[PDB]
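Atoms considered below: every heavy atom in the structure, side chains included; atoms not considered: hydrogens, waters and symmetry mates. We name chains A, B, ... by the order of the sequence lines, and we start the count at 1 in each one.
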Amino acid sequence: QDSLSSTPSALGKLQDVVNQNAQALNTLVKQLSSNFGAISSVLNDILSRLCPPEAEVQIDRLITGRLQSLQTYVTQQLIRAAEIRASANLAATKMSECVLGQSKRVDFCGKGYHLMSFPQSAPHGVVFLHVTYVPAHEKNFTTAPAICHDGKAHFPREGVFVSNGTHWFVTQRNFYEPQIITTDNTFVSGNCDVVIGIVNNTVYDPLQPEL
Amino acid sequence: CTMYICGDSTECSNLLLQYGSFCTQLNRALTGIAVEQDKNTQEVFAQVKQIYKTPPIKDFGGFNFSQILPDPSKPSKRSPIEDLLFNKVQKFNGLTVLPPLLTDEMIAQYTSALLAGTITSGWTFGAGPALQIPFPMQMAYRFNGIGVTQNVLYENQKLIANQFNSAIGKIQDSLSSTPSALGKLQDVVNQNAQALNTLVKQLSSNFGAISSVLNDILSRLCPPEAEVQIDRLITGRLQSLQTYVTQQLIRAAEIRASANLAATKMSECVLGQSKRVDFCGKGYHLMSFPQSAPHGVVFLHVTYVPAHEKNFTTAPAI
Amino acid sequence: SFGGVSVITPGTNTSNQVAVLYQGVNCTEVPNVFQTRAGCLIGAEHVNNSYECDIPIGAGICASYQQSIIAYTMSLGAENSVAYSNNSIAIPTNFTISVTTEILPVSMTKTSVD
Ligand SMILES: *[C@@H]1O[C@H](CO)[C@@H](O)[C@H](O)[C@H]1NC(C)=O
Ligand SMILES: *[C@@H]1O[C@H](CO)[C@@H](O)[C@H](O)[C@H]1NC(C)=O
Ligand SMILES: *[C@@H]1O[C@H](CO)[C@@H](O)[C@H](O)[C@H]1NC(C)=O
Ligand SMILES: *[C@@H]1O[C@H](CO)[C@@H](O)[C@H](O)[C@H]1NC(C)=O
Ligand SMILES: *[C@@H]1O[C@H](CO)[C@@H](O)[C@H](O)[C@H]1NC(C)=O
Ligand SMILES: *[C@@H]1O[C@H](CO)[C@@H](O)[C@H](O)[C@H]1NC(C)=O
Ligand SMILES: *[C@@H]1O[C@H](CO)[C@@H](O)[C@H](O)[C@H]1NC(C)=O
Ligand SMILES: *[C@@H]1O[C@H](CO)[C@@H](O)[C@H](O)[C@H]1NC(C)=O
Ligand SMILES: *[C@@H]1O[C@H](CO)[C@@H](O)[C@H](O)[C@H]1NC(C)=O
Ligand SMILES: *[C@@H]1O[C@H](CO)[C@@H](O)[C@H](O)[C@H]1NC(C)=O
């Protein structure tokens, strides 16, 4: 709200459409002031001064020019319309994929990891407010592809192995939340001889003290 | 517009004024196209917050990126592949060419930053701060992204790195041996050249006049009969220019759509791993790498393709 | 020799100072003079610094009002050497919720001409 209230250029994308259409119409009207080789741009001047054999020649010149001016206008409107249509098609897609759902498409619904979006109406257009999750305050950790325990190679089920310099933990990938490495948050595959960079650490079995 | 139609003839210039704003409209239309061309490039390549660099020591667990990374021994600082791509792909009448805002060096620099970001930090630099991760671990993440367990990557790391390195090498060999490979970019160059040459050749047209040469008319005839002959050349030359501009607007729209698609692929294939089928190559998408090319972009898509299937008996439940 | 003349300006709501670009020519043929690949730029001070592009000139050159008009090679962004190693990972300990705006055209004024 504060940004829009303090930035005159914020809505240039919509203003340009208004301006381009206004400049096309004003250009078209101004062409009515053109002689196109005729004695006068004013059709009534021709009709009031000359009789039919010489007026028709002067009128033909105005018709030729005015027809050409209108054909130019319409062609430009068709090209401009096609561009607007594509913009509308994109807006409709964003409404479906950003507003009516959560998108995994990168940078389709704002910068960062998309959470949700809200539409707002605007003159001849739509404004989307994209809400994203942006990671912050990162820290450096030592990592490993796998943990070696009892001759078995262990991999994270849902996260990544990290060391704080002395102790190994497993954490979810996008948010630091270290947990003790156990049989419940890892899985086993093969022996420790194959994986490059495997490290030695204890893997805790929660049932061990129970039985 | 005026120079094309009249050259330096004041007599023609004065006659051209009776037609109103047509020349202003045409100049405006071409200006709009030129601006869009710089916008197109920016939308595709300038998708990075910072200029990232790869580490001095290229140890990525067996994965070799030397063919896509910049070769510092060359002053252009292009990669081996980019250097190959670049090797493979009027004025006197008021027709001019304006330089791009971004130079080829600048485009290569953007491409390098995108590659460096991907190699050192995966998809994180496209969402927030660039977060470092070992490349093999990044690849393990991408295996999970296609429904393959991470231990499959780690247990076959040597094989996978070898298959990758060979596949990249084939790209270099393929381009080096296929003249038609870059037709999509060459066609744009050709179509634009054929439009400009056509426009210039129309200056040789009489359009019903005694001569195509405006000076011949002015030197031989006096004002009452010259104006009729000049009007014929103006009518034809104006029509020729209007045809040119209309075609450029239509062609520009097609290029814009292509640029829009390229920008989407940069975001969804390079700055992330896509689940959209056949959007980032054939097979299950792992990752992609951009390379710059004359008036375009080349994407190298890396995919996982299942092999050596066997028949088993199955059941819905036990 | 012939070509376009372009005037580079800040808004008139900021300054009445301008610079002039003579497109496609040498500075020696024109009659703070800088020869760009876009042509001869007169009225702007060339500097060896780099900034984000303000008013584009061409071929990597941009101009801005800094008071006087200056010309410079545009910066592509700040450099960042990522601390890559074979056993180092960076993990976020926090996050921010961000809201951004996207504006799209949907329709034109519906006109009709008799
Ligand atoms: C990570 O460590 C590197 C040194 O290896 C240092 O330059 C960088 O700033 C550290 N990053 C963080 C978030 O602490
Ligand atoms: C690592 O975490 C453990 C358990 O919280 C703690 O006792 C140890 O001091 C930490 N090591 C370092 C270097 O912070
Ligand atoms: C990581 O690199 C160091 C050298 O800097 C090497 O000694 C070590 O064995 C490597 N470890 C892995 C898993 O690549
Ligand atoms: C991990 O433990 C095994 C078994 O004691 C030992 O043979 C191996 O050398 C250890 N690895 C390292 C890096 O210490
Ligand atoms: C990467 O590949 C190139 C081309 O085959 C080779 O010359 C280079 O030595 C390789 N780099 C490493 C570190 O193996
Ligand atoms: C699967 O079995 C069919 C016969 O039922 C055979 O034709 C087919 O080639 C086998 N496919 C594979 C991969 O062995
Ligand atoms: C023009 O300048 C005034 C200050 O003198 C400022 O308040 C106003 O916002 C400016 N207008 C624009 C469009 O920048
Ligand atoms: C005109 O500029 C070019 C560089 O763009 C230079 O090589 C040439 O010598 C200049 N001509 C004169 C007369 O200075
Ligand atoms: C810019 O640097 C060049 C040398 O590369 C020097 O000759 C020139 O005087 C410098 N100009 C300014 C304004 O610093
Ligand atoms: C996360 O950042 C916010 C400020 O944006 C701060 O107030 C909060 O205490 C931080 N949370 C943690 C756990 O550091």
Residue selection (most heavy-atom pairs with chain A, distance under 4.5 Å) from C/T109, C/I89, C/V99, C/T111: C/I89

Options C/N86, C/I97, C/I91, ranked by heavy-atom pairs under 4.5 Å with chain A, top entry: C/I91

C/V113, part contacting chain A, at a heavy-atom distance under 4.5 Å: side chain

Which of A/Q120, A/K94, A/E177 touches chain C most, by non-hydrogen pairs under 4.5 Å: A/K94

Aromatic ring pairing C/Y51/C/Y72, orientation class (parallel under 30°, perpendicular over 60°, tilted between): perpendicular

Greatest number of heavy atom pairs closer than 4.5 Å to chain C - which of A/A136, A/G197, A/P145: A/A136

A/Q15 versus A/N19, side-chain donor and acceptor atoms under 3.5 Å: yes

Pair A/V195-A/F155, side-chain contact (heavy atoms from CB on, under 4.5 Å): steps then yes or no: CA-CA 11 Å; A/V195 176; A/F155 304 82; 3.9 Å; yes

Under 4.5 Å from a heavy atom of chain C, the part of A/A122 involved: neither

Donor-acceptor pair between C/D54 and C/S64 side chains, under 3.5 angstrom: no

Per-residue contact mode, C/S85 against chain A (heavy atom under 4.5 angstrom): neither

Candidates A/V17, A/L25, A/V18 - the one meeting side-chain contact (heavy atoms from CB on, under 4.5 Å) with A/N21: A/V17

Atom group of A/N140 that falls short of 4.5 Å from chain C, counting heavy atoms: both

Pair A/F169 and A/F141, ring centroids less than 6.0 Å apart: no

Side-chain donor/acceptor of A/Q58 to backbone N/O of A/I39, under 3.5 Å: yes

Residue selection (most heavy-atom pairs with chain C, distance under 4.5 Å) from A/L14, A/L115, A/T143, A/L70: A/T143

Top contributor to chain C interface from A/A92, A/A88, A/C98 [non-hydrogen pairs under 4.5 Å]: A/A88

